[PDB]
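S.K.: My structure is below; once you've seen it, I'll send some questions.
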Amino acid sequence: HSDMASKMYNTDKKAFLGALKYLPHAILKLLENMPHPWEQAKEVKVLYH
Amino acid sequence: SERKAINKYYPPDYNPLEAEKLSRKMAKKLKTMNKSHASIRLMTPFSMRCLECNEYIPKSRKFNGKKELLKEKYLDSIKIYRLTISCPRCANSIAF
Amino acid sequence: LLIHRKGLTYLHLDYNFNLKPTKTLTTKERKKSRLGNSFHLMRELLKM
Amino acid sequence: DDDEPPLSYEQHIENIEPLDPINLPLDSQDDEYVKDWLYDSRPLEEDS
Amino acid sequence: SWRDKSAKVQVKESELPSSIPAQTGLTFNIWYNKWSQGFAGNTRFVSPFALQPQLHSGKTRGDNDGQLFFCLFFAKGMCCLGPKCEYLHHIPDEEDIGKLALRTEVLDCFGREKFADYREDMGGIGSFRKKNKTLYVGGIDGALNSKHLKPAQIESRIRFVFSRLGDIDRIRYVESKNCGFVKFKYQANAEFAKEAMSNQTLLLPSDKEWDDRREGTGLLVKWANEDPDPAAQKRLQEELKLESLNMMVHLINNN
Amino acid sequence: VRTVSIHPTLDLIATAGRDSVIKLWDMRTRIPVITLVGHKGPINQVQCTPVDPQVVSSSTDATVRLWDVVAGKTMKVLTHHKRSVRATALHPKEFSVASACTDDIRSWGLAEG
Amino acid sequence: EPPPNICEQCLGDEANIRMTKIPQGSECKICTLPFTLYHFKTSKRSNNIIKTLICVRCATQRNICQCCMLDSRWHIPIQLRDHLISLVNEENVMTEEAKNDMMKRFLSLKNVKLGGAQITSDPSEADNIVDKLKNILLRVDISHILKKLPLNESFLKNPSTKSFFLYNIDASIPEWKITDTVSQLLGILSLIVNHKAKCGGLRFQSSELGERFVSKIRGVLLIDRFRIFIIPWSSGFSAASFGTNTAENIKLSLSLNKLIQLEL
Amino acid sequence: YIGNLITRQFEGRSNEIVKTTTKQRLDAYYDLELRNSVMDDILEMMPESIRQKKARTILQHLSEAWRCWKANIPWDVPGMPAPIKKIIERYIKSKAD
Amino acid sequence: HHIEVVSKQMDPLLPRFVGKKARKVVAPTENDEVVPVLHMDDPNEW
RNA sequence: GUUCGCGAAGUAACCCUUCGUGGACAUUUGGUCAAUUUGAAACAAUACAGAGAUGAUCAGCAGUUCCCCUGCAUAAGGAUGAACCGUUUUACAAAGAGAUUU
Ligand SMILES: [K+]
Ligand SMILES: [Mg+2]
Ligand SMILES: [Mg+2]
Ligand SMILES: [Zn+2]
Ligand SMILES: [Zn+2]
Ligand SMILES: [Zn+2]
Ligand SMILES: [Zn+2]
């Protein structure tokens with residue numbers, strides 16, 4: 001989903017715009033799990049569409 | 001974007017000097033860059049009467065008019081401009 | 001995609017989430033492209 | 001830069017070994033009860 | 001027969017054309033897949049691809065899956081999937097018309113849903129009200145790259161290409177209007193042939209123009225309006241009466 | 001808005017005005033559950049009633065209307081008044097409504113219209 | 001909210017059909033207003049998915065199936081139905097369809113049946129119509145091209161000919177019927193017919209096919225008792241044989257007509 | 001916020017936005033309701049029930065009475081019916097208060 | 001025919017009602033029943 | 001495939017390896033949707049016109065509408081957002097009086 005020019009991505013484009021209302025939640029969840037200074041690389045469980 | 005935006009987007013390859021030089025080459029061929037008059041909004045500076053249809057035009061009426069810089073200059077130094085309106089009833093061109 | 005669905009391709013979004021016009025805009029373009037606080041709040045949170 | 005896309009993680013980042021984090025050097029004797037585990041991501045998460 | 005062989009791959013996946021259309025504005029709109037900021041230059045272009053029915057037809061997964069609908073891109077001569085295609089890769093025939101005979105009232109032979117009203121352009125899929133079997137063939141000058149050609153010669157070309165694509169009732173060419181009308185036996189063949197011949201050239205390999213065939217605009221194949229010719233109108237009335245009388249038999253025998 | 005009437009048994013109110021409709025509101029959720037359409041002019045009075053017809057309304061169109069609120073339909077239209085039916089009242093102890101024009105007060109049995 | 005109106009021929013013959021309901025999932029093809037979409041498959045492993053294209057109130061207005069728009073009693077299309085009824089009723093009835101979108105929305109909400117629908121929406125009327133239907137069934141360069149056309153010569157055994165000239169073609173005849181009857185005779189073929197000329201030409205693949213064609217009965221060919229006449233055309237033909245314009249074709253047709261009337 | 005925006009993008013904007021009575025709209029809505037009140041009273045009391053042109057005439061007399069009140073000019077129209085005169089003066093006094 | 005009616009779970013990131021739009025409609029005022037109006041029997045003064 | 005059981009051959013080994021075979025375990029995805037022109041995004045450009053009240057210029061705030069746009073919006077803005085400027089004949093009678101059909 002880099003360019004999304006083909007007709008196959010119409011439903012995906014609609015899903016993208018509908019995802020926009022849930023971004024601040026995702027931003028909270030990301031920043032909440034931010035690595036602290038003593039850890040190099042934090043593996044995190046994710047949920048994705 | 002707002003009226004008072006500070007920045008416009010330039011493409012990453014944009015060189016301003018080459019861009020101006022290219023746009024200068026382009027400007028000699030565009031229609032609206034080479035037409036002989038500039039459209040302006042202006043008030044009628046004095047009361048005047050159309051000669052085609054005898055309509056009185058009062059002072060301070062707003063018009064959409066054409067501005068021409070003339071070749072002649074006052075004492076060869078100061079710019080003179082013709083200001084052209086069109087009569088509101090009969091659409092005939094009035095100039096001063 | 002929200003910018004482009006609204007037809008505002010004359011606005012460009014940087015990869016650091018600044019929104020800039022690509023050209024000096026007509027008055028009709030300015031009225032048509034007057035995005036609101038929802039978009040801008042979303043954009044600046046993404047920027048942070 | 002504003003005009004550079006966000007980096008591909010797998011191409012540019014996944015292969016690089018990370019640098020040392022901020023860890024204070026603990027004493028092998030005088031911190032012995034915490035030295036083995038203080039800096040884990042979830043300390044003692046496997047110690048039943 | 002097409003049943004004797006597996007379907008040929010018409011175009012490879014790497015050979016398929018780009019999805020971004022030819023530029024007609026200053027900026028590409030990632031939503032609409034079209035150019036914004038100005039609109040200049042024509043959007044029509046000649047198809048790089050053309051169906052070759054005896055060469056390209058063959059069995060696919062659709063024949064094994066019990067599929068009804070034909071492949072849209074097979075008709076366009078640009079199907080990527082070849083024998084792995086879910087859709088049927090052959091010219092429609094009475095067997096498949098019979099299999100389509102329920103869905104045909106509201107669907108295209110390509111399985112596209114029909115509309116109430118035709119487009120003002122008379123292009124597109126067509127109306128579920130009309131059951132039209134006739135194609136208008138325009139843009140013939142562009143389809144020949146503006147080559148001068150005699151009217152009977154043009155008619156012979158149109159006769160050749162459209163007769164590969166189905167059973168035909170009538171072909172007529174009108175010199176004054178410089179347009180052709182092709183009527184099929186079945187609406188499914190009119191549906192198919194429209195998409196098969198849209199944006200194509202009428203040129204030959206034998207022509208002097210063949211090496212620049214891609215430059216102009218191709219054939220403009222649309223649904224035909226009702227024929228204003230009174231002979232055609234009374235013929236239409238006669239076949240309407242015949243269809244009605246044949247239907248009375250079914251209604252009476254069922255009730 | 002020209003009038004409000006509180007339903008005697010339901011947690012419901014009726015309201016009407018110059019927009020020529022009666023809107024019934026659930027008190028709690030503040031949703032306009034039902035809009036009653038049929039008056040041809042401003043509504044002057046609304047009366048809520050414990051059984052069908054559960055709303056009675058009077059209008060500048062010179063009608064009194066008796067409503068089935070579940071169907072969204074009139075039970076009866078009363079067309080005996082000449083002018084705007086500006087005033088109305090329920091009788092507290094018998095199943096009847098009075099209504100008035102200029103010079104013309106009338107009383108109606110609500111079980112029948 | 002009314003139930004879906006789907007015919008048995010859409011639903012098939014399986015004992016059970018799973019159906020998916022989607023409130024306000026689709027916009028009606030007739031009236032453009034939203035409606036509750038139903039969609040189903042005739043069996044679990046059938047690969048085509050059938051959906052309601054029109055809303056229930058448009059369907060009851062027309063007495064048609066929501067999934068195939070054929071009449072929900074007689075299983076025939078609206079145009080043919082209204083035409084059939086208007087042969088039994090002297091005063092014509094037809095389904096008048098809105099063209100403006102606001103009129104499409106307006107028309108769909110009035111609860112009155114349209115065209116032939118009410119005459120088919122109850123059994124008494126529909127049965128009366130079919131009872132009456134049983135009574136119905138109980139009741140200028142011509143002077144040059146005429147030497148290019150083979151009209152001077154005859155249908156013969158000896159000359160090997162791959163191409164033939166067809167005339168006395170009635171305009172009612174489609175091209176496919178001609179090809180089909182030749183296919184029947186040969187037990188299976190490039191055809192040009194110009195209907196404004198009322199004549200045509202037939203070209204075979206190889207000489208043995210033409211010889212087998214001339215082996216079966218100037219000659220004659222039959223299409224529903226239209227007597228197409230046939231002549232061997234040794235000189236090869238093209239579309240130009242019948243005239244370059246419409247007027248030339250019509251003039252040729254009249255010339256061929258008087259030649260036929262002399263031959264008969 | 002984003003939900004309402006994207007809802008407008010797909011569903012479109014509601015056809016029936018009811019503007020509320022803010023202080024920019026207060027005087028105009030007062031005028032409309034007062035005008036309707038005067039018209040209801042006069043069309044109810046007139047014996048002949050003739051409406052279409054008579055209404056537009058009567059409310060001009062109302063507006064003239066208001067101008068006279070603000071000017072402190074005595075509003076007196078010769079041949080005005082006494083009851084309609086009383087109705088107009090009644091509504092002018094309420095607006096004045 | 002016995003029909004099992006289900007309602008499959010919608011993609012929460014797509015619009016919930018695909019056919020839904022803001023569109024205006026003029027409703028027909030059809031009515032079969034005529035309603036009677038039931039009244040009974042110096043212009044310079046007014 | 002794993003496993004329980006029973007036959008044939010290894011190994012008179014009844015367990016282990018192989019072959020034949022009975023049973024158990026596991027049971028119907030997905031699509032409202034196909035990949036460029038012909039099932040419908042908008043601005044911009046070009047030419048011409050041009051700014052609500054009226055003598056002139058301008059602040060506005062409304063209303064009606066099967067016009068909506070921007071906006072989180074029941075706020076506000078869009079020229080006071082636009083459209084509004086046109087068209088206009090009968091619920092038609094009474095009294096006379098002069099030409100006239102009958
Ligand atoms: K203003
Ligand atoms: Mg405003
Ligand atoms: Mg306004
Ligand atoms: Zn003048
Ligand atoms: Zn294919
Ligand atoms: Zn509908
Ligand atoms: Zn059906």
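Please note that chains go A, B, ... in the order of the structure tokens, that every chain numbers its residues from 1, and that ligands are numbered from 1 in the order shown.
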Set the cut-off to 10 Å and count only C-alpha atoms: what are the residues of chain C that reach chain A? Output as a compact mmCIF listing (two decimals) with C-alpha atoms, in the first residue's frame.
M.R.:
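For reference, selection11.txt as written:
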# COMPACT_ATOMS: atom_id res chain seq x y z
CA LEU C 1 -5.96 10.69 0.95
CA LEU C 2 -8.29 13.10 2.79
CA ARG C 5 -10.53 13.20 -2.01
CA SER C 38 -10.01 18.55 13.39
CA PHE C 39 -7.57 18.01 10.49
CA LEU C 41 -5.09 18.79 15.45
CA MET C 42 -4.73 15.37 13.86
CA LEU C 45 -0.34 15.11 16.86
CA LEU C 46 1.13 13.04 14.02
CA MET C 48 4.74 15.24 17.56
S.K.: Just want the 7 Å neighbourhood of range 29-41 of chain I, counted on only C-alpha atoms (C1' of nucleotides), with same-chain residues fewer than 4 positions away dropped. Output as a PyMOL selection string.
M.R.: (chain F and resi 79-82) or (chain G and resi 110)
S.K.: How would you report the residues lying within 9 Å of ligand 4, as a PyMOL selection string, if you count only C-alpha atoms (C1' of nucleotides) and all ligand atoms?
M.R.: chain B and resi 49-56+86-94
S.K.: List all protein, DNA and RNA residues that have any atom at most 12 Å from ligand 6, counting only C-alpha atoms (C1' of nucleotides) and all ligand atoms, and write the list as a ChimeraX atom specification.
M.R.: /E:116 /G:24,26-37,52-62,66,97-98,101,103-110
S.K.: Tell me which protein, DNA and RNA residues are within 9 Å of range 69-86 of chain E, counting only C-alpha atoms (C1' of nucleotides), leaving out same-chain ones fewer than 4 positions away, and put them as a PDB file with N, CA and C atoms (P, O5', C5', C4', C3', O3' and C1' of nucleotides), in the first residue's frame.
M.R.:
ATOM      1  N   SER E   6      -5.991 -25.443 -23.645  1.00  0.00           N
ATOM      2  CA  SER E   6      -5.953 -24.521 -22.523  1.00  0.00           C
ATOM      3  C   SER E   6      -5.711 -23.102 -23.030  1.00  0.00           C
ATOM      4  N   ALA E   7      -6.319 -22.120 -22.345  1.00  0.00           N
ATOM      5  CA  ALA E   7      -6.290 -20.729 -22.799  1.00  0.00           C
ATOM      6  C   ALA E   7      -4.880 -20.151 -22.784  1.00  0.00           C
ATOM      7  N   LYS E   8      -4.573 -19.359 -23.806  1.00  0.00           N
ATOM      8  CA  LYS E   8      -3.282 -18.697 -23.897  1.00  0.00           C
ATOM      9  C   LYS E   8      -3.226 -17.483 -22.980  1.00  0.00           C
ATOM     10  N   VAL E   9      -2.053 -17.243 -22.402  1.00  0.00           N
ATOM     11  CA  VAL E   9      -1.815 -15.993 -21.694  1.00  0.00           C
ATOM     12  C   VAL E   9      -1.660 -14.893 -22.733  1.00  0.00           C
ATOM     13  N   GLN E  10      -2.559 -13.910 -22.695  1.00  0.00           N
ATOM     14  CA  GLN E  10      -2.528 -12.846 -23.691  1.00  0.00           C
ATOM     15  C   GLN E  10      -1.390 -11.871 -23.429  1.00  0.00           C
ATOM     16  N   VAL E  11      -1.269 -11.390 -22.192  1.00  0.00           N
ATOM     17  CA  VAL E  11      -0.270 -10.392 -21.808  1.00  0.00           C
ATOM     18  C   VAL E  11       0.354 -10.829 -20.488  1.00  0.00           C
ATOM     19  N   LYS E  12       1.679 -10.726 -20.385  1.00  0.00           N
ATOM     20  CA  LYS E  12       2.361 -11.047 -19.137  1.00  0.00           C
ATOM     21  C   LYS E  12       2.131  -9.938 -18.119  1.00  0.00           C
ATOM     22  N   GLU E  13       2.225 -10.308 -16.829  1.00  0.00           N
ATOM     23  CA  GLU E  13       2.033  -9.365 -15.723  1.00  0.00           C
ATOM     24  C   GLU E  13       2.986  -8.174 -15.819  1.00  0.00           C
ATOM     25  N   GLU E  15       4.185  -7.056 -18.618  1.00  0.00           N
ATOM     26  CA  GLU E  15       3.839  -6.322 -19.824  1.00  0.00           C
ATOM     27  C   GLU E  15       2.567  -5.492 -19.697  1.00  0.00           C
ATOM     28  N   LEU E  16       1.825  -5.616 -18.593  1.00  0.00           N
ATOM     29  CA  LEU E  16       0.597  -4.851 -18.423  1.00  0.00           C
ATOM     30  C   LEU E  16       0.861  -3.342 -18.344  1.00  0.00           C
ATOM     31  N   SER E  47      -6.081   1.212 -28.060  1.00  0.00           N
ATOM     32  CA  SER E  47      -5.692   0.049 -27.269  1.00  0.00           C
ATOM     33  C   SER E  47      -4.413  -0.609 -27.796  1.00  0.00           C
ATOM     34  N   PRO E  48      -3.403  -0.823 -26.950  1.00  0.00           N
ATOM     35  CA  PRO E  48      -2.245  -1.643 -27.359  1.00  0.00           C
ATOM     36  C   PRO E  48      -2.585  -3.100 -27.677  1.00  0.00           C
ATOM     37  N   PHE E  49      -3.760  -3.572 -27.260  1.00  0.00           N
ATOM     38  CA  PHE E  49      -4.119  -4.976 -27.207  1.00  0.00           C
ATOM     39  C   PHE E  49      -5.394  -5.235 -28.001  1.00  0.00           C
ATOM     40  N   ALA E  50      -5.473  -6.412 -28.620  1.00  0.00           N
ATOM     41  CA  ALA E  50      -6.650  -6.775 -29.393  1.00  0.00           C
ATOM     42  C   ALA E  50      -6.873  -8.275 -29.279  1.00  0.00           C
ATOM     43  N   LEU E  51      -8.140  -8.676 -29.181  1.00  0.00           N
ATOM     44  CA  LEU E  51      -8.463 -10.093 -29.122  1.00  0.00           C
ATOM     45  C   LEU E  51      -8.249 -10.765 -30.474  1.00  0.00           C
ATOM     46  N   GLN E  52      -7.730 -11.991 -30.429  1.00  0.00           N
ATOM     47  CA  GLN E  52      -7.548 -12.863 -31.588  1.00  0.00           C
ATOM     48  C   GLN E  52      -8.269 -14.165 -31.268  1.00  0.00           C
ATOM     49  N   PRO E  53      -9.576 -14.286 -31.607  1.00  0.00           N
ATOM     50  CA  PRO E  53     -10.416 -15.375 -31.046  1.00  0.00           C
ATOM     51  C   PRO E  53      -9.931 -16.799 -31.291  1.00  0.00           C
ATOM     52  N   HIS E  56      -6.485 -17.147 -29.051  1.00  0.00           N
ATOM     53  CA  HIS E  56      -6.460 -16.908 -27.613  1.00  0.00           C
ATOM     54  C   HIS E  56      -7.509 -17.692 -26.831  1.00  0.00           C
ATOM     55  N   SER E  57      -8.548 -18.210 -27.491  1.00  0.00           N
ATOM     56  CA  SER E  57      -9.626 -18.901 -26.791  1.00  0.00           C
ATOM     57  C   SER E  57      -9.144 -20.226 -26.226  1.00  0.00           C
ATOM     58  N   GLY E  58      -9.707 -20.604 -25.089  1.00  0.00           N
ATOM     59  CA  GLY E  58      -9.373 -21.887 -24.515  1.00  0.00           C
ATOM     60  C   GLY E  58      -9.995 -22.049 -23.150  1.00  0.00           C
ATOM     61  N   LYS E  59      -9.821 -23.251 -22.615  1.00  0.00           N
ATOM     62  CA  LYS E  59     -10.377 -23.612 -21.321  1.00  0.00           C
ATOM     63  C   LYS E  59      -9.640 -22.872 -20.210  1.00  0.00           C
ATOM     64  N   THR E  60     -10.360 -22.614 -19.122  1.00  0.00           N
ATOM     65  CA  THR E  60      -9.836 -21.931 -17.941  1.00  0.00           C
ATOM     66  C   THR E  60     -10.411 -22.611 -16.712  1.00  0.00           C
ATOM     67  N   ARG E  61     -10.033 -22.094 -15.530  1.00  0.00           N
ATOM     68  CA  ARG E  61     -10.656 -22.513 -14.272  1.00  0.00           C
ATOM     69  C   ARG E  61     -12.158 -22.285 -14.266  1.00  0.00           C
ATOM     70  N   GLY E  62     -12.624 -21.253 -14.978  1.00  0.00           N
ATOM     71  CA  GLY E  62     -14.040 -20.946 -15.008  1.00  0.00           C
ATOM     72  C   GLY E  62     -14.887 -22.062 -15.589  1.00  0.00           C
ATOM     73  N   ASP E  63     -14.374 -22.737 -16.628  1.00  0.00           N
ATOM     74  CA  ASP E  63     -15.088 -23.875 -17.199  1.00  0.00           C
ATOM     75  C   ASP E  63     -15.211 -25.008 -16.187  1.00  0.00           C
ATOM     76  N   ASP E  65     -15.070 -24.461 -12.783  1.00  0.00           N
ATOM     77  CA  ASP E  65     -15.834 -23.943 -11.651  1.00  0.00           C
ATOM     78  C   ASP E  65     -17.320 -23.763 -11.941  1.00  0.00           C
ATOM     79  N   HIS E  90     -13.615 -17.488 -24.036  1.00  0.00           N
ATOM     80  CA  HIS E  90     -14.026 -17.786 -25.408  1.00  0.00           C
ATOM     81  C   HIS E  90     -15.166 -16.870 -25.806  1.00  0.00           C
ATOM     82  N   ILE E  91     -15.392 -16.780 -27.119  1.00  0.00           N
ATOM     83  CA  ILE E  91     -16.515 -15.989 -27.641  1.00  0.00           C
ATOM     84  C   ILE E  91     -17.816 -16.617 -27.162  1.00  0.00           C
ATOM     85  N   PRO E  92     -18.805 -15.839 -26.697  1.00  0.00           N
ATOM     86  CA  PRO E  92     -20.070 -16.437 -26.247  1.00  0.00           C
ATOM     87  C   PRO E  92     -20.801 -17.188 -27.353  1.00  0.00           C
ATOM     88  N   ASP E  96     -23.699 -21.026 -23.755  1.00  0.00           N
ATOM     89  CA  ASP E  96     -23.445 -20.097 -22.664  1.00  0.00           C
ATOM     90  C   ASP E  96     -24.509 -19.017 -22.567  1.00  0.00           C
ATOM     91  N   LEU E 100     -26.595 -18.243 -19.258  1.00  0.00           N
ATOM     92  CA  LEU E 100     -26.815 -16.865 -18.810  1.00  0.00           C
ATOM     93  C   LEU E 100     -28.260 -16.373 -18.827  1.00  0.00           C
ATOM     94  N   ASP E 108     -24.853  -7.855 -17.522  1.00  0.00           N
ATOM     95  CA  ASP E 108     -23.948  -8.084 -18.642  1.00  0.00           C
ATOM     96  C   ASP E 108     -23.457  -9.536 -18.647  1.00  0.00           C
ATOM     97  N   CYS E 109     -23.070 -10.015 -19.845  1.00  0.00           N
ATOM     98  CA  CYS E 109     -22.298 -11.258 -19.970  1.00  0.00           C
ATOM     99  C   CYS E 109     -20.961 -11.260 -19.233  1.00  0.00           C
ATOM    100  N   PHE E 110     -20.396 -10.092 -18.934  1.00  0.00           N
ATOM    101  CA  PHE E 110     -19.249  -9.911 -18.058  1.00  0.00           C
ATOM    102  C   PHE E 110     -19.626  -9.862 -16.582  1.00  0.00           C
ATOM    103  N   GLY E 111     -20.914  -9.974 -16.257  1.00  0.00           N
ATOM    104  CA  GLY E 111     -21.409  -9.983 -14.890  1.00  0.00           C
ATOM    105  C   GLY E 111     -21.554  -8.620 -14.255  1.00  0.00           C
ATOM    106  N   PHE E 192     -20.393  -8.363 -25.410  1.00  0.00           N
ATOM    107  CA  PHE E 192     -19.015  -8.833 -25.557  1.00  0.00           C
ATOM    108  C   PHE E 192     -18.252  -8.020 -26.598  1.00  0.00           C
ATOM    109  N   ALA E 193     -18.811  -7.921 -27.805  1.00  0.00           N
ATOM    110  CA  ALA E 193     -18.173  -7.264 -28.943  1.00  0.00           C
ATOM    111  C   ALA E 193     -17.929  -5.788 -28.716  1.00  0.00           C
ATOM    112  N   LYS E 194     -18.825  -5.121 -27.978  1.00  0.00           N
ATOM    113  CA  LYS E 194     -18.609  -3.731 -27.586  1.00  0.00           C
ATOM    114  C   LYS E 194     -17.288  -3.555 -26.835  1.00  0.00           C
ATOM    115  N   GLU E 195     -17.045  -4.365 -25.808  1.00  0.00           N
ATOM    116  CA  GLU E 195     -15.801  -4.265 -25.044  1.00  0.00           C
ATOM    117  C   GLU E 195     -14.597  -4.798 -25.818  1.00  0.00           C
ATOM    118  N   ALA E 196     -14.801  -5.814 -26.661  1.00  0.00           N
ATOM    119  CA  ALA E 196     -13.740  -6.319 -27.538  1.00  0.00           C
ATOM    120  C   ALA E 196     -13.277  -5.290 -28.574  1.00  0.00           C
ATOM    121  N   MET E 197     -14.194  -4.513 -29.153  1.00  0.00           N
ATOM    122  CA  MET E 197     -13.818  -3.604 -30.232  1.00  0.00           C
ATOM    123  C   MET E 197     -13.676  -2.143 -29.832  1.00  0.00           C
ATOM    124  N   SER E 198     -14.026  -1.782 -28.598  1.00  0.00           N
ATOM    125  CA  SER E 198     -13.852  -0.419 -28.102  1.00  0.00           C
ATOM    126  C   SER E 198     -12.380  -0.021 -28.136  1.00  0.00           C
TER     127      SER E 198
ATOM    128  P     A J  34     -15.185  -5.959  -8.933  1.00  0.00           P
ATOM    129  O5'   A J  34     -14.399  -7.339  -9.007  1.00  0.00           O
ATOM    130  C5'   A J  34     -13.146  -7.540  -8.373  1.00  0.00           C
ATOM    131  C4'   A J  34     -12.035  -7.840  -9.343  1.00  0.00           C
ATOM    132  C3'   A J  34     -11.479  -6.636 -10.111  1.00  0.00           C
ATOM    133  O3'   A J  34     -10.102  -6.869 -10.381  1.00  0.00           O
ATOM    134  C1'   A J  34     -12.363  -8.205 -11.624  1.00  0.00           C
ATOM    135  P     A J  35      -8.930  -6.066  -9.621  1.00  0.00           P
ATOM    136  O5'   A J  35      -8.471  -4.970 -10.674  1.00  0.00           O
ATOM    137  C5'   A J  35      -7.305  -4.176 -10.455  1.00  0.00           C
ATOM    138  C4'   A J  35      -6.641  -3.701 -11.742  1.00  0.00           C
ATOM    139  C3'   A J  35      -7.492  -2.957 -12.773  1.00  0.00           C
ATOM    140  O3'   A J  35      -6.715  -2.081 -13.591  1.00  0.00           O
ATOM    141  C1'   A J  35      -6.740  -4.986 -13.696  1.00  0.00           C
TER     142        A J  35
END
S.K.: Identify, counting only C-alpha atoms (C1' of nucleotides) and all ligand atoms, the protein, DNA and RNA residues located within 8 Å of ligand 1, and give them as a ChimeraX atom specification.
M.R.: /J:52,58-60,79-80
S.K.: Can you work out which residues are within 12 Å of ligand 2, considering only C-alpha atoms (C1' of nucleotides) and all ligand atoms, and then hand them over as a list in words?
M.R.: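 The neighbouring residues of ligand 2 are, in order, residues 19, 24 and 25 of chain H; 60, 61, 62, 75, 76, 77, 78, 79, 80, 81 and 82 of chain J.
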S.K.: Pick from H:87, H:73, H:42, H:6: nearest to chain F, with only C-alpha atoms counted?
M.R.: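 Smallest distance to chain F is found for H:42.
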S.K.: Distance limit 8 Å, reference ligand 7, atoms considered: only C-alpha atoms (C1' of nucleotides) and all ligand atoms. Which residues make the cut? Give them as an NGL selection string.
M.R.: (:E and (102)) or (:G and (6-11 or 64-70 or 72 or 75))
S.K.: Quick one: pick out all alpha helix (DSSP H) residues within chain C from a backbone DSSP run and write them as a PyMOL selection string.
M.R.: chain C and resi 2-5+27-32+37-47
S.K.: Those same residues, written as an mmCIF file, in the first residue's frame with C-alpha atoms?
M.R.:
data_model
loop_
_atom_site.group_PDB
_atom_site.id
_atom_site.type_symbol
_atom_site.label_atom_id
_atom_site.label_comp_id
_atom_site.auth_asym_id
_atom_site.auth_seq_id
_atom_site.Cartn_x
_atom_site.Cartn_y
_atom_site.Cartn_z
ATOM 1 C CA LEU C 2 -8.285 13.100 2.791
ATOM 2 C CA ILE C 3 -6.596 16.034 1.031
ATOM 3 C CA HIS C 4 -6.881 14.355 -2.363
ATOM 4 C CA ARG C 5 -10.532 13.196 -2.010
ATOM 5 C CA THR C 27 -10.054 33.043 -3.455
ATOM 6 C CA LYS C 28 -12.345 30.180 -4.551
ATOM 7 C CA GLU C 29 -9.454 27.743 -3.891
ATOM 8 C CA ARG C 30 -8.894 29.360 -0.452
ATOM 9 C CA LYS C 31 -12.578 28.978 0.493
ATOM 10 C CA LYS C 32 -12.702 25.405 -0.897
ATOM 11 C CA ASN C 37 -9.229 22.318 13.555
ATOM 12 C CA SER C 38 -10.014 18.553 13.386
ATOM 13 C CA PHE C 39 -7.567 18.005 10.488
ATOM 14 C CA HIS C 40 -4.958 20.313 11.957
ATOM 15 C CA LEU C 41 -5.093 18.788 15.451
ATOM 16 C CA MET C 42 -4.726 15.368 13.858
ATOM 17 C CA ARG C 43 -1.808 16.592 11.740
ATOM 18 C CA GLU C 44 0.079 18.176 14.625
ATOM 19 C CA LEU C 45 -0.344 15.109 16.862
ATOM 20 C CA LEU C 46 1.135 13.042 14.023
ATOM 21 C CA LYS C 47 3.953 15.629 13.836
#
S.K.: Which residues are near residue 8 in chain D? Cut-off 12 Å, only C-alpha atoms (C1' of nucleotides), ignore same chain within fewer than 6 positions. Put them as a VMD selection string.
M.R.: (chain A and resid 2) or (chain D and resid 14 to 15)
S.K.: Limited to C-alpha atoms, could you put the picked residues into a file as a compact mmCIF listing (two decimals), in the first residue's frame?
M.R.:
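Final output, part.txt:
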# COMPACT_ATOMS: atom_id res chain seq x y z
CA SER A 2 2.65 2.54 -1.07
CA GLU D 14 16.68 -4.06 11.16
CA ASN D 15 20.22 -5.12 10.23
S.K.: Please identify every residue of chain J that has at least one atom no more than 10 Å from any atom of chain C, counting only C-alpha atoms (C1' of nucleotides), and report them as a ChimeraX atom specification.
M.R.: /J:41-44,69-72,77-78
S.K.: Mind checking which residues fall within 12 Å of range 91-95 of chain H, counting only C-alpha atoms (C1' of nucleotides), ignoring those fewer than 5 positions away in the same chain, and posting them as an NGL selection string?
M.R.: :H and (27 or 30-31 or 33-39 or 41-42 or 59 or 61-70 or 75 or 84-86)
S.K.: Would you kindly report the residues of chain C within 6 Å of chain B, using only C-alpha atoms, as a list in words?
M.R.: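 Within 6 Å of chain B on chain C, we get residues 20, 21, 22 and 34 of chain C.
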S.K.: What are the residues of chain H lining chain C at 12 Å or less? Count only C-alpha atoms, and put the answer as JSON, numbers by chain.
M.R.: {"H": [1, 2, 3, 4, 5, 6, 8, 9, 10]}
S.K.: Pull out every residue of chain A sitting within 12 Å of chain J, counting only C-alpha atoms (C1' of nucleotides), and send them as a ChimeraX atom specification.
M.R.: /A:5-12
